[PDB]
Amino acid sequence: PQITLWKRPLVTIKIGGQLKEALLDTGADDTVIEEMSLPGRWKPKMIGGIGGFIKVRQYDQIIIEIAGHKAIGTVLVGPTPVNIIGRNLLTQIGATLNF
């Protein structure tokens, strides 16, 4: 698709068999989702954004669909205010900015 920016670029994702709303965010290095259960071991990470930092749990090699496009990659879980799809997964789905 071609997504314009007059409104927030929200899409549906699927993760853990569940549909969720998430923001396609070219300003985010990483993908971070609100609290949920994911399989496997996690590693610690801190991420730093407009307000300061939050602590999150890093899960690797997680199956995730973004607007119907399949990806498998790193998903961070923690107290983010919205679900954010960042560049690590935007690149998997072939997204570019164009003007």
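Quick note: we count residues from 1 along the sequence shown, nothing fancier.
Mean Cα B-factor comparison, 37-45 or 69-77, giving the higher one as deposited: Mean B over CA atoms: larger for 37-45.
Per the PDB entry, maximal CA B factor within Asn88, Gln18, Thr12, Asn83: The C-alpha B-factor peaks, among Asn88, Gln18, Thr12, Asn83, at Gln18.
CA B-factor ranking of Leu97, expressed as a third of its chain: Middle third of the chain for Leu97's C-alpha B-factor.
Third assignment of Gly52 from its chain's C-alpha B-factors: According to the entry, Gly52 has a C-alpha B-factor in the chain's highest third.
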